[PDB]
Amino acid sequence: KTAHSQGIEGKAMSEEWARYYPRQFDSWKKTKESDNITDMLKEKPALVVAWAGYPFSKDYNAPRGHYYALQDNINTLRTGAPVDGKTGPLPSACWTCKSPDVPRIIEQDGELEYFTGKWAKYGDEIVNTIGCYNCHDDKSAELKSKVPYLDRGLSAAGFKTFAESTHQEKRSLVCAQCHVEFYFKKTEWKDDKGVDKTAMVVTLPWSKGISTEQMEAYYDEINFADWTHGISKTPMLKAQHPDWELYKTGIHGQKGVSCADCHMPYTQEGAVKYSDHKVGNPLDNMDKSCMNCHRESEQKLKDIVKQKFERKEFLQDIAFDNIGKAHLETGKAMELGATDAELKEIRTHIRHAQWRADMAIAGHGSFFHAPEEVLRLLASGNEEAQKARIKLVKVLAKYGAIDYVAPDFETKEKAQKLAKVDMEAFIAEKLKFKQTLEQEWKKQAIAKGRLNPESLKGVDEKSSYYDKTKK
C-alpha cells in the first residue's frame, strides 16, 4: 500500500503527485523537451487535397511531447475561435485525450454530460495536460484506464477488459486510452432534470475487429461519414492515429512487447526499478529501449528503421498522389454535369482508398510498429484510387474532357487554394480568441486553483502559425 492510500487532494494536477513520486514526476515533466512543430500539411500537401472540406485541411502537425497536448489542442486551427462556451466549430469530445481533468469531469458530471456541448464549454476546467491521473489510481497507484470507451471497444472486439488483462497488456492499454482510431457517435439522452440532450460520444469502431478492413466494414454498415469531401463530395472516413490497433498485429505486438517496453524503459538501481516517464522517440535512448533484446550496434538498428521509413514514404507519396488526382477528377466531372449515380462507384473506391491509406499513415510510428501491414495498406489504398481513376477517365470522356489534367498540389499554398481554405482569415480569428477568451480561461482556472501557472512555462511558444522562438 502507498503513502496516499486514502487518495490525493487535487489529484488531476500532476504536481500533487510529486511529493510521493519525485523521480517519475521529474521524467514525466521532461517531455517539455520535445517541442518541435512539424507542419504535416507543409511536408505532405497532398494531405490538404485529401482532407478538403474537413478541419485537418487547415492545420495538422506531427505529435510532440505530452507536455504540449492541452496547449496544442487549444492552438490548433481545427478548434477555431469560440467567443464563449456555446460557440466554436468542435464539440467537448476534443478534450478527451488531452488532460487528467477529463476523468475528473466525467467522474463529477457523468460521461453523457461531459460529451454534451461545445469544446469551449470546458475551457476553464480542462486545463492540465496529460498527467499521472490519466494512467494511475490515486489510492493504489496501479495502472488504470480512466475512460469508459476503451473497455467498451475492447469488449466489442472480443478482447479482455482492462481489469481482466495481464500486467503486460495493461502496459500498452493505458496508452490505448488515447492512441487509437475513434469517431463521434451522436447520442440522444435525457438528464436528471428530464431535459433532452445530444451527446457526441467518443467511440472505437472495433465491433467487427481491429483490422483496417473490419473497421471499414463497420463504418460502411452504419453508412457513416466523418465529412462530405469538399472537392469530390465523397462520403469520407478520417483515420486518427490507430497506434495500438496497428501495433497489435506487428511482430513486436504479437511477441507481447508492450508500448512501455520501448517508450518507457526501465532503469535498475539496486533493488529499485524505475520507468522512464519521458515518453518520446525510443531511437533517442536505444541502449535502454532496444538493446536488452537486440544484439548489434545502434547505428545498424537505426539504419534498418530508416529503410522502413523510406519504403513507407515511397508508397505513401504514390497513394496520396492518386487519391488527390481522383478527388480533383471527380470535382471536374461534377462541374461538367456528371450525376451522383454516374459517380457512385467512383466515390466508393475513393472512400476506401483514402480510409486504407490514412489508416496506414495516421499512426506515425506504424511504419515501424507494423511495417508489413503498413506497406500492404498503402498498396491496397492506391489500388482502390487507381480503380476510381480508370472509371473517371470514362466519365470525363462522356462529358468531353478525356484529356483533362488534374491541377498540381505540390505546395501547401497551392493545395489549400484547391481546397478553398482561407488560412489568413482562420489565423486572424484564432489569434483574437487566444488573446481574449483563452487568457480568460487560464486566469479563471488559476483563480479557482484548477491550474498551476508553473505548468505553463514555455508551453505556448510555438504553433504551425507562430514561433516566438523556443518552447
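Numbers follow the displayed sequence, beginning with 1.
- Relative to its counterpart among 384-392 and 248-256, 248-256 has the higher mean temperature factor, C-alpha atoms as listed in the PDB entry.
- Annotation for 173-181 versus 270-278: the higher mean temperature factor (C-alpha) is found in 270-278.
- Ranking 95, 367, 189, 314 by Cα temperature factor from the entry places 189 first.
- When the Cα B-factors of 360, 225, 195, 130 are read from the PDB record, 195 comes out highest.
- Annotation for residue 408: CA B-factor lies in the lowest third of the chain's modelled residues.
- The entry lists a Cα temperature factor for residue 42 that places it in the middle third of the chain's modelled residues.
- In the deposited entry, the Cα temperature factor of residue 443 sits in the top third of values across the chain's modelled residues.
- Annotation for residue 34: CA B-factor lies in the middle third of the chain's modelled residues.
- Among the modelled residues of its chain, residue 305 has a C-alpha B-factor that falls in the highest third, as given in the PDB entry.
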